[PDB]
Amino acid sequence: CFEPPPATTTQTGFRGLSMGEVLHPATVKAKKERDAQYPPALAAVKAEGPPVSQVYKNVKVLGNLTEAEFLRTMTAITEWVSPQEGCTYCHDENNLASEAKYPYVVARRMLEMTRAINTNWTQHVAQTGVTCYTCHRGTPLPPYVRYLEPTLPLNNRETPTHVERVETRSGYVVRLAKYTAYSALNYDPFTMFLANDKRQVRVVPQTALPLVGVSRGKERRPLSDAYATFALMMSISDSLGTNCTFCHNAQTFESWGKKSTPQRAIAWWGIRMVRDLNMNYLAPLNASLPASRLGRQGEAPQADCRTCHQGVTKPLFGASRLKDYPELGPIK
């Protein structure tokens, strides 16, 4: 079980602190090739004539687009999400305004969510932005999603073994380990941290001595909170294909300033972004999805850091189509 030299190493901290990335060149190249499948931008169309708001019948989101632009978007959407299936994945063959099929309405919300990320989560996605492809990767079900319990394989394009199957109780500890970089940490950071804003990630005191009043008996957070936080960080690390020192100087995890890299602030924003999407776009879709989409407690599949990043510190190595599809945001 070993990976041969050379390793690719970077520096993310002051010399002598052994901070930085440690990359196996072959893995990087293999991920590069997978992400290289990002379809290139459709040729630019000239905006002739009326907004489709006038022209078409049931266009809510992209109503201001001229027709040519609009069909350009519809084409891009098709090759990002449902290329195998074609336009009819979401449309009634004979009535295009028809909302008959759930992919239509789900796709309508996803146009909204997508323009949300690109307009409002600028502090995370910056000027790279996302598109339907960032998550979907050419299939309607995105390959990396989370339910309210751990599931395996992480890539839902792979076929589960018996033990992996969520119904197989004997395989629980492994479903959890594969989510936390193989640790034995008995916590699921997804449901604890990313599904909603209920829990506080920070667990480390900010004073040298114990403050009288929060430091004894039931006043205290249980130590199990520090395990969870560690589990989450194992997960975030494995999700971005990186290590702690990509973000922290481990001298003082709890400190920012010189003890934290810029990417930690960005990750801080991403935790907030992921919670927004889950709480406000993705989780509600359990209303609009077939039962076959939903998990064991009737939850829609939702997003963690892997859903976009899929093992790279910038999703798709920072490829952007933002200037090519302004429909999708930022929306002034």
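Just so we're on the same page, rigid core means the largest C-alpha set that superposes within 1.5 Å between forms. All residue numbers are counted from 1 along the displayed sequence.
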Inset, instruction - Output the stretch, either 287-295 or 46-54, that has more C-alpha displacement from this form in 8 other deposited structures of this protein following superposition by the rigid core. - result: 46-54
Inset, instruction - Between 95-103 and 112-120, point out the one with the higher average CA B-factor as the PDB entry records it. - result: 95-103
Inset, instruction - Quick one: say whether 40-48 or 24-32 has the higher mean Cα B-factor in the deposited entry. - result: 40-48
Inset, instruction - Tell me, please, which of 85, 79, 225, 254 has the highest C-alpha B factor according to the deposited entry? - result: 85
Inset, instruction - Using the temperature factors in the entry, find which of 294, 279, 305, 266 has the highest value at its Cα atom. - result: 294
Inset, instruction - Report the third (lowest, middle or highest) to which the CA temperature factor of residue 90 belongs, ranking only the modelled residues of the same chain. - result: highest
Inset, instruction - Tell me, lowest, middle or highest third: where does the Cα B factor of residue 259 rank within its chain? - result: lowest
Legend entry - Within-chain third of residue 208 by Cα B-factor, per the entry: lowest
Legend entry - Entry-reported Cα temperature factor of residue 185, expressed as the chain third it lands in: lowest
Inset, instruction - Check where residue 157 lands among this chain's C-alpha B-factors and tell me if it's the lowest, middle or highest third. - result: highest
